[PDB]
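Raw contents of start_17.txt, compact mmCIF, C-alpha atoms and all ligand atoms:
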# COMPACT_ATOMS: atom_id res chain seq x y z
CA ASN M 1 29.84 -5.95 14.02
CA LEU M 2 31.74 -5.48 17.25
CA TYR M 3 29.55 -3.14 19.32
CA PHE M 4 25.92 -3.85 18.46
CA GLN M 5 23.38 -1.06 18.03
CA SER M 6 22.35 0.71 21.22
CA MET M 7 18.99 -0.36 22.65
CA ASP M 8 17.53 -0.52 26.16
CA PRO M 9 16.32 -4.13 26.66
CA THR M 10 15.70 -3.39 30.35
CA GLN M 11 13.31 -0.47 29.80
CA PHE M 12 10.28 -2.71 29.15
CA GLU M 13 10.89 -6.18 30.58
CA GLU M 14 8.36 -8.74 29.46
CA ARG M 15 7.69 -10.05 32.97
CA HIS M 16 6.39 -6.62 34.02
CA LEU M 17 4.33 -5.98 30.85
CA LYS M 18 0.82 -7.00 31.87
CA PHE M 19 -1.96 -7.69 29.38
CA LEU M 20 -5.09 -5.53 29.65
CA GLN M 21 -6.95 -5.79 26.34
CA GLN M 22 -6.69 -6.80 22.70
CA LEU M 23 -7.36 -3.59 20.77
CA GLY M 24 -7.26 -4.76 17.15
CA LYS M 25 -5.68 -6.97 14.51
CA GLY M 26 -5.11 -6.20 10.85
CA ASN M 27 -2.58 -5.34 8.16
CA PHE M 28 -0.71 -3.41 10.87
CA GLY M 29 -0.28 -6.59 12.91
CA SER M 30 -1.81 -6.78 16.38
CA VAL M 31 -2.08 -4.05 19.02
CA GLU M 32 -2.84 -4.54 22.71
CA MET M 33 -3.31 -2.40 25.80
CA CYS M 34 -0.89 -3.36 28.57
CA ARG M 35 0.20 -1.97 31.92
CA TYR M 36 3.90 -1.73 32.73
CA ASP M 37 4.14 -2.48 36.45
CA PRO M 38 7.78 -2.95 37.44
CA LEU M 39 7.00 -2.43 41.16
CA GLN M 40 4.56 -5.39 40.94
CA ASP M 41 1.99 -3.33 42.86
CA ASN M 42 -0.87 -3.28 40.30
CA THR M 43 0.14 0.21 39.11
CA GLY M 44 2.40 1.67 36.41
CA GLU M 45 1.76 3.35 33.08
CA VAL M 46 -0.74 2.07 30.53
CA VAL M 47 0.87 1.57 27.12
CA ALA M 48 0.01 0.36 23.64
CA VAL M 49 1.96 -2.66 22.42
CA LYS M 50 2.32 -3.49 18.72
CA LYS M 51 3.22 -7.06 17.75
CA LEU M 52 3.50 -8.98 14.52
CA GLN M 53 0.85 -11.39 13.31
CA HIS M 54 3.22 -13.39 11.08
CA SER M 55 6.78 -13.37 12.41
CA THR M 56 8.78 -13.94 9.23
CA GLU M 57 12.32 -12.63 8.82
CA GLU M 58 11.15 -10.03 6.28
CA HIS M 59 8.39 -8.77 8.58
CA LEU M 60 10.74 -8.54 11.54
CA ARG M 61 13.20 -6.49 9.49
CA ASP M 62 10.37 -4.23 8.30
CA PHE M 63 9.17 -3.90 11.91
CA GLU M 64 12.65 -2.84 13.04
CA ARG M 65 12.68 -0.07 10.42
CA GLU M 66 9.19 1.03 11.48
CA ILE M 67 10.33 1.20 15.11
CA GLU M 68 13.38 3.29 14.15
CA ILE M 69 11.15 5.68 12.19
CA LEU M 70 8.76 6.14 15.09
CA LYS M 71 11.57 6.57 17.62
CA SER M 72 12.98 9.37 15.49
CA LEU M 73 9.70 11.32 15.69
CA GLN M 74 8.71 13.67 18.54
CA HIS M 75 5.62 15.80 17.81
CA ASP M 76 2.35 16.62 19.51
CA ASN M 77 0.40 15.03 16.58
CA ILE M 78 2.46 11.82 16.23
CA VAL M 79 1.85 8.88 18.56
CA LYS M 80 4.59 8.78 21.21
CA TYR M 81 7.26 6.10 21.03
CA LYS M 82 8.19 4.75 24.46
CA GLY M 83 10.48 1.80 23.80
CA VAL M 84 10.77 -1.83 22.77
CA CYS M 85 10.11 -5.03 24.71
CA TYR M 86 12.46 -7.86 23.74
CA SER M 87 10.17 -10.63 24.90
CA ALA M 88 10.57 -14.42 24.55
CA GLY M 89 13.84 -14.07 26.47
CA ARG M 90 15.06 -11.40 24.03
CA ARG M 91 14.24 -13.47 20.93
CA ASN M 92 11.26 -11.34 19.80
CA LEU M 93 10.39 -7.68 19.25
CA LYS M 94 7.42 -5.63 20.45
CA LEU M 95 6.87 -1.89 20.06
CA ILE M 96 5.80 0.12 23.12
CA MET M 97 3.86 3.39 22.67
CA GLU M 98 1.72 5.73 24.67
CA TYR M 99 -1.90 4.60 24.84
CA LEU M 100 -4.56 6.80 23.16
CA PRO M 101 -7.95 5.85 24.55
CA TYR M 102 -10.39 6.64 21.74
CA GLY M 103 -8.81 4.47 19.08
CA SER M 104 -8.79 5.19 15.38
CA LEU M 105 -10.31 8.36 14.02
CA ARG M 106 -12.31 6.22 11.57
CA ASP M 107 -13.98 4.41 14.46
CA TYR M 108 -14.28 7.55 16.61
CA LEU M 109 -16.18 9.39 13.84
CA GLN M 110 -18.60 6.44 13.67
CA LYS M 111 -18.90 5.76 17.41
CA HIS M 112 -18.89 9.30 18.80
CA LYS M 113 -20.81 11.52 16.43
CA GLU M 114 -22.50 12.96 19.52
CA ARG M 115 -19.36 15.03 20.22
CA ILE M 116 -18.23 15.87 16.67
CA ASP M 117 -19.06 19.03 14.71
CA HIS M 118 -17.37 20.89 11.88
CA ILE M 119 -15.16 22.87 14.29
CA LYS M 120 -13.74 19.62 15.66
CA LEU M 121 -13.26 18.23 12.16
CA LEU M 122 -11.26 21.34 11.20
CA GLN M 123 -9.19 20.99 14.40
CA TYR M 124 -8.38 17.37 13.51
CA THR M 125 -7.55 18.46 9.96
CA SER M 126 -5.11 21.10 11.24
CA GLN M 127 -3.42 18.64 13.61
CA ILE M 128 -2.98 16.03 10.87
CA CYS M 129 -1.43 18.65 8.58
CA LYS M 130 1.01 19.70 11.31
CA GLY M 131 2.02 16.08 11.96
CA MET M 132 2.63 15.76 8.23
CA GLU M 133 4.66 18.97 8.06
CA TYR M 134 6.90 17.42 10.72
CA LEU M 135 7.24 14.12 8.82
CA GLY M 136 8.32 16.08 5.77
CA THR M 137 11.18 17.72 7.69
CA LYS M 138 12.48 14.18 8.25
CA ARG M 139 12.01 13.30 4.55
CA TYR M 140 9.60 10.55 5.55
CA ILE M 141 6.72 9.58 3.24
CA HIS M 142 3.85 8.06 5.19
CA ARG M 143 2.19 6.29 2.22
CA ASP M 144 -0.92 5.26 4.20
CA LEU M 145 -2.61 8.43 5.40
CA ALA M 146 -6.23 7.45 6.13
CA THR M 147 -8.52 8.01 9.12
CA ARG M 148 -8.02 4.35 10.06
CA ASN M 149 -4.33 5.18 10.79
CA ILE M 150 -5.00 8.36 12.82
CA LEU M 151 -5.56 7.88 16.56
CA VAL M 152 -7.69 9.91 18.95
CA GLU M 153 -6.34 10.93 22.35
CA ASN M 154 -9.39 12.96 23.37
CA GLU M 155 -12.00 15.26 21.84
CA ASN M 156 -9.32 17.90 21.20
CA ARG M 157 -6.31 15.87 20.01
CA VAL M 158 -5.48 13.38 17.28
CA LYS M 159 -2.17 11.88 16.31
CA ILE M 160 -0.82 10.12 13.27
CA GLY M 161 -0.67 6.57 14.46
CA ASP M 162 0.71 3.85 12.18
CA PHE M 163 3.96 3.99 10.17
CA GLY M 164 4.05 0.46 8.73
CA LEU M 165 4.35 1.66 5.12
CA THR M 166 6.52 4.73 5.73
CA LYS M 167 9.57 5.18 3.52
CA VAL M 168 12.59 7.47 3.83
CA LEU M 169 13.33 9.54 0.75
CA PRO M 170 16.69 8.89 -0.94
CA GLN M 171 19.18 11.69 -0.34
CA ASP M 172 19.05 12.99 -3.91
CA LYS M 173 15.41 12.33 -4.93
CA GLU M 174 12.08 13.87 -3.94
CA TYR M 175 10.25 10.59 -4.48
CA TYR M 176 10.56 7.02 -3.31
CA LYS M 177 9.86 4.31 -5.93
CA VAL M 178 8.52 1.27 -4.10
CA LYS M 179 9.88 -1.87 -5.77
CA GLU M 180 8.36 -4.65 -3.66
CA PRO M 181 4.73 -3.57 -3.23
CA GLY M 182 2.58 -5.47 -0.78
CA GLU M 183 -1.08 -4.77 -0.16
CA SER M 184 -1.78 -1.26 -1.46
CA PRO M 185 -4.53 1.10 -0.17
CA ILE M 186 -5.39 1.99 -3.76
CA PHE M 187 -8.40 4.22 -3.06
CA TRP M 188 -6.12 6.61 -1.15
CA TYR M 189 -3.32 6.57 -3.78
CA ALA M 190 -2.27 9.42 -6.05
CA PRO M 191 -2.34 8.59 -9.78
CA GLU M 192 1.47 8.55 -10.07
CA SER M 193 1.56 6.12 -7.15
CA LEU M 194 -0.89 3.84 -8.98
CA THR M 195 0.87 4.06 -12.33
CA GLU M 196 4.56 4.45 -11.40
CA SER M 197 4.88 3.35 -7.73
CA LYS M 198 6.19 6.84 -6.98
CA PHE M 199 5.59 8.21 -3.47
CA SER M 200 6.43 11.71 -2.30
CA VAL M 201 5.28 14.43 0.05
CA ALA M 202 2.90 15.41 -2.73
CA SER M 203 1.39 11.93 -2.86
CA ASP M 204 0.84 12.16 0.90
CA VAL M 205 -0.98 15.43 0.17
CA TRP M 206 -3.24 13.59 -2.28
CA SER M 207 -4.03 11.02 0.44
CA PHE M 208 -4.65 13.81 2.94
CA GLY M 209 -7.31 15.09 0.52
CA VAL M 210 -9.01 11.73 0.90
CA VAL M 211 -8.65 11.93 4.69
CA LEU M 212 -10.39 15.32 4.58
CA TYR M 213 -13.17 13.74 2.49
CA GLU M 214 -13.48 10.94 5.07
CA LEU M 215 -13.81 13.41 7.92
CA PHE M 216 -16.73 15.23 6.33
CA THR M 217 -18.55 12.07 5.22
CA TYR M 218 -18.57 11.15 8.94
CA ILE M 219 -17.73 7.59 7.85
CA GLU M 220 -21.33 7.33 6.69
CA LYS M 221 -22.30 3.95 5.26
CA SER M 222 -22.02 3.92 1.43
CA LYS M 223 -19.85 7.08 1.46
CA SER M 224 -16.40 5.63 2.22
CA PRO M 225 -13.78 6.19 -0.50
CA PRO M 226 -13.84 2.50 -1.52
CA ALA M 227 -17.65 2.45 -1.70
CA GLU M 228 -17.84 5.69 -3.71
CA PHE M 229 -15.08 4.77 -6.13
CA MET M 230 -16.63 1.30 -6.69
CA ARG M 231 -20.00 2.91 -7.38
CA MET M 232 -18.33 5.20 -9.93
CA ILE M 233 -16.36 2.43 -11.62
CA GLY M 234 -19.08 -0.23 -11.38
CA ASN M 235 -19.78 -2.37 -8.34
CA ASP M 236 -19.64 -5.47 -10.54
CA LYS M 237 -15.93 -5.15 -11.32
CA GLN M 238 -13.34 -7.44 -9.77
CA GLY M 239 -9.59 -7.82 -9.68
CA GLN M 240 -7.23 -5.76 -11.79
CA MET M 241 -10.19 -4.36 -13.75
CA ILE M 242 -10.86 -2.22 -10.65
CA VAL M 243 -7.35 -0.75 -10.75
CA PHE M 244 -7.51 -0.17 -14.52
CA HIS M 245 -10.75 1.77 -14.19
CA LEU M 246 -9.58 3.68 -11.11
CA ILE M 247 -6.49 4.90 -12.94
CA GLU M 248 -8.45 5.89 -16.06
CA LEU M 249 -11.08 7.63 -13.93
CA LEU M 250 -8.54 9.65 -11.95
CA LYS M 251 -6.38 10.53 -14.96
CA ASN M 252 -9.40 12.24 -16.59
CA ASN M 253 -10.59 14.14 -13.52
CA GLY M 254 -13.06 11.75 -11.93
CA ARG M 255 -13.19 12.56 -8.22
CA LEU M 256 -15.02 11.69 -5.01
CA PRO M 257 -18.11 13.89 -4.59
CA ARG M 258 -18.59 16.76 -2.15
CA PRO M 259 -19.91 15.15 1.07
CA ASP M 260 -23.36 16.20 2.21
CA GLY M 261 -23.06 19.28 4.39
CA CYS M 262 -19.45 19.90 3.41
CA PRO M 263 -18.75 23.61 2.85
CA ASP M 264 -17.64 24.45 -0.68
CA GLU M 265 -14.41 25.93 0.66
CA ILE M 266 -13.44 22.65 2.34
CA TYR M 267 -14.32 20.72 -0.80
CA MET M 268 -12.09 23.16 -2.70
CA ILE M 269 -9.19 22.16 -0.44
CA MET M 270 -9.87 18.48 -1.24
CA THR M 271 -9.90 19.12 -4.97
CA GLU M 272 -6.69 21.14 -4.80
CA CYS M 273 -5.04 18.19 -3.03
CA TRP M 274 -6.34 15.92 -5.81
CA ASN M 275 -4.34 17.61 -8.57
CA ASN M 276 -2.93 15.26 -11.19
CA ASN M 277 -0.06 17.77 -11.53
CA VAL M 278 2.15 16.71 -8.61
CA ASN M 279 3.89 20.08 -8.41
CA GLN M 280 0.63 22.04 -8.20
CA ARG M 281 -0.63 20.30 -5.07
CA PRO M 282 -0.38 22.51 -1.97
CA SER M 283 2.15 21.83 0.76
CA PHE M 284 1.16 20.64 4.22
CA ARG M 285 2.33 24.08 5.42
CA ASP M 286 -0.06 25.79 2.95
CA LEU M 287 -2.84 23.54 4.20
CA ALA M 288 -2.25 24.00 7.93
CA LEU M 289 -2.25 27.77 7.48
CA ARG M 290 -5.40 27.85 5.36
CA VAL M 291 -7.34 25.55 7.67
CA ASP M 292 -6.28 27.50 10.76
CA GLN M 293 -7.20 30.77 9.03
CA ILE M 294 -10.65 29.32 8.22
CA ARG M 295 -11.00 28.32 11.88
CA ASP M 296 -9.70 31.68 13.10
CA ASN M 297 -11.93 33.73 10.78
CA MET M 298 -15.10 32.35 12.37
CA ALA M 299 -16.93 34.52 14.89
CA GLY M 300 -15.32 34.24 18.33
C1 LIG L 401 -6.33 1.42 15.14
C2 LIG L 401 -6.99 0.30 14.77
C3 LIG L 401 -8.24 -0.23 15.55
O1 LIG L 401 -8.30 0.43 16.87
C4 LIG L 401 -7.42 -0.10 17.82
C5 LIG L 401 -7.40 0.78 19.13
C6 LIG L 401 -6.28 1.54 19.44
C7 LIG L 401 -6.23 2.37 20.62
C8 LIG L 401 -7.38 2.36 21.49
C9 LIG L 401 -8.52 1.62 21.16
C10 LIG L 401 -8.55 0.81 19.99
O2 LIG L 401 -9.67 0.04 19.69
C11 LIG L 401 -10.78 0.16 20.58
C12 LIG L 401 -11.89 -0.55 19.79
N1 LIG L 401 -11.22 -1.79 19.45
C13 LIG L 401 -11.94 -2.30 18.36
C14 LIG L 401 -11.80 -3.78 18.69
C15 LIG L 401 -11.47 -3.85 20.26
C16 LIG L 401 -11.05 -2.46 20.73
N2 LIG L 401 -5.16 3.12 20.99
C17 LIG L 401 -3.83 3.17 20.53
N3 LIG L 401 -2.96 3.94 21.22
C18 LIG L 401 -1.69 4.03 20.79
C19 LIG L 401 -1.26 3.36 19.69
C20 LIG L 401 -2.19 2.58 18.95
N4 LIG L 401 -3.46 2.49 19.40
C21 LIG L 401 -1.81 1.90 17.68
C22 LIG L 401 -0.46 1.95 17.18
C23 LIG L 401 -0.11 1.34 15.95
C24 LIG L 401 -1.13 0.72 15.18
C25 LIG L 401 -2.44 0.69 15.63
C26 LIG L 401 -2.76 1.28 16.87
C27 LIG L 401 -3.59 -0.01 14.79
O3 LIG L 401 -4.22 0.96 13.89
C28 LIG L 401 -5.02 1.97 14.40
As structure tokens, how would this structure be written, given the file I've shared?
Amino acid sequence: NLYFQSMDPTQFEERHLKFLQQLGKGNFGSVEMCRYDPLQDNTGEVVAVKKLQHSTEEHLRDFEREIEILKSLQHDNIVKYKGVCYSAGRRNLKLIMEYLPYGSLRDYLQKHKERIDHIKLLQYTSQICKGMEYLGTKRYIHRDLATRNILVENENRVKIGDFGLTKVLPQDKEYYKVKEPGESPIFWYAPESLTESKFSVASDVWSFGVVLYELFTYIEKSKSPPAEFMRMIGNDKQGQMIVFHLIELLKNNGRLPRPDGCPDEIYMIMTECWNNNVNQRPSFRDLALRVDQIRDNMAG
């Protein structure tokens, strides 16, 4: 009550945060490119700024928790927290991050196939696994691992980018049971997430298997996880019927296909991630090591 939580409201002052570009709007809210130019000389660092789309009390509270999560993370493969801007005369909240120029990995794979080969895909895979190892040391569950939430700094570096659904494990449990679900990315969910709302490191590993599938489909039209699962369940189905059939499909070993051109050994990693037995899924540490050994065993 007495001494309010530490925060630096002078680090990013709204009057010096200059708009450069709207980058995207979505479930995550809205993200812009800005320049922070305190010496009003048309210079300063370029930053990414996350804002809410609908500024309800619940969303602001969720946003505060998301900011605290990101601030607590420092890793080469996690987007870098810089600070907060308390704009509207310190009656609003905006998240300030480093700016990563190539956007989401989902878009990058579609827009920049000219500079992507299997070596790069394996490098991105490795980096995502290492980011996720680090999250696990904090007992954070990402819950939304998907190429749309991974950001691209350059041809050699990706970072896990959005933490809007991330949960902190209870002290005594290895899973978080989400008891207020919003919009759910069901085609990335593990079966126990679909059927019991249970999220864990192992359910992030399931989602990572889907990420790995995404990478090797090169975000080809008709090959996205939603498109493939809908083709398998029946494109005609609507509403809850989709979820019912997805669960039944996954519970009896229905899986996304091997992407065209995907090596069998990479598909084997996917299918090991997609184990209905939670305890039998590999760890992110297992996965980083295996992928880097595959990379390292190539000639050169
Ligand atoms: C990305 C979603 C769409 O790409 C936006 C996008 C994003 C970036 C660069 C280009 C770009 O779209 C360049 C192409 N845009 C498409 C429409 C106009 C520009 N860079 C960036 N850098 C740091 C943090 C975030 N985004 C960030 C942090 C939290 C949440 C998000 C981003 C939103 O989810 C991840």
Give as a PDB file with C-alpha atoms, in the coordinates of the input the residues surrounding ligand LIG 401 (chain L) up to a distance of 6 Å, considering all atoms listed in the file.
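Full text of selection.pdb as output:
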ATOM      1  CA  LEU M  23      -7.360  -3.590  20.770  1.00  0.00           C
ATOM      2  CA  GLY M  24      -7.260  -4.760  17.150  1.00  0.00           C
ATOM      3  CA  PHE M  28      -0.710  -3.410  10.870  1.00  0.00           C
ATOM      4  CA  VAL M  31      -2.080  -4.050  19.020  1.00  0.00           C
ATOM      5  CA  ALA M  48       0.010   0.360  23.640  1.00  0.00           C
ATOM      6  CA  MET M  97       3.860   3.390  22.670  1.00  0.00           C
ATOM      7  CA  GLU M  98       1.720   5.730  24.670  1.00  0.00           C
ATOM      8  CA  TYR M  99      -1.900   4.600  24.840  1.00  0.00           C
ATOM      9  CA  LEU M 100      -4.560   6.800  23.160  1.00  0.00           C
ATOM     10  CA  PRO M 101      -7.950   5.850  24.550  1.00  0.00           C
ATOM     11  CA  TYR M 102     -10.390   6.640  21.740  1.00  0.00           C
ATOM     12  CA  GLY M 103      -8.810   4.470  19.080  1.00  0.00           C
ATOM     13  CA  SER M 104      -8.790   5.190  15.380  1.00  0.00           C
ATOM     14  CA  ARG M 148      -8.020   4.350  10.060  1.00  0.00           C
ATOM     15  CA  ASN M 149      -4.330   5.180  10.790  1.00  0.00           C
ATOM     16  CA  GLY M 161      -0.670   6.570  14.460  1.00  0.00           C
ATOM     17  CA  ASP M 162       0.710   3.850  12.180  1.00  0.00           C
TER      18      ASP M 162
END
Enter the distance from atom CA of residue M:66 to atom CA of residue M:91, in Å, rounded to one decimal.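 Separation between atom CA of residue M:66 and atom CA of residue M:91: 18.0 Å.
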Fewer than 5 positions away in the same chain doesn't count, so skip those; otherwise give me all residues within 9 Å of stretch 240-246 of chain M, counting all atoms listed in the file, as a list in words.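 The residues satisfying every condition are residues 186, 187, 191, 194, 229, 230, 232, 233, 234, 251 and 254 of chain M.
Take atom CA of residue M:1 and atom CA of residue M:164: the distance between them is 27.1 Å.
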What's the separation between atom CA of residue M:213 and atom CA of residue M:121, in Å to one decimal place?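 If I compute the distance from atom CA of residue M:213 to atom CA of residue M:121, I get 10.7 Å.
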Need the shell around residue M:120: protein/DNA/RNA residues with any atom at most 10 Å away, counting all atoms listed in the file. Skip same-chain ones fewer than 6 positions apart. Format as JSON, numbers by chain? {"M": [126, 155, 156, 157, 215, 295]}
Using all atoms listed in the file, list the residues that have an atom at most 6 Å from (-0.3, -4.6, 27.8), coordinates as in the file, as a list in words.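 Residues with an atom at most 6 Å from (-0.3, -4.6, 27.8): residues 17, 18, 19, 20, 32, 33, 34 and 35 of chain M.
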Shortest interatomic distance to residue M:262 - which of M:106, M:118, M:65, M:90, counting only C-alpha atoms: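 Of all the options, M:118 lies closest to residue M:262.
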Nearest residue to residue M:40 out of M:225, M:236, M:15, M:84, using all atoms listed in the file? M:15
Given all atoms listed in the file as the counted atoms, nearest of M:160, M:150, M:294, M:281 to residue M:265: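 Of M:160, M:150, M:294, M:281, the one nearest residue M:265, counting all atoms listed in the file, is M:294.
Between residue M:38 and the candidates M:258, M:177, M:16, M:142, the tightest atom-to-atom separation, counting all atoms listed in the file, involves M:16.
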Give the answer as one residue: which of M:59, M:109, M:135, M:13 has the shortest atom-to-atom distance to residue M:72, using only C-alpha atoms?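 Ranking M:59, M:109, M:135, M:13 by distance to residue M:72, first place goes to M:135.
Distances from M:238, M:283, M:127, M:154 to residue M:203 were compared using all atoms listed in the file, and the smallest one belongs to M:283.
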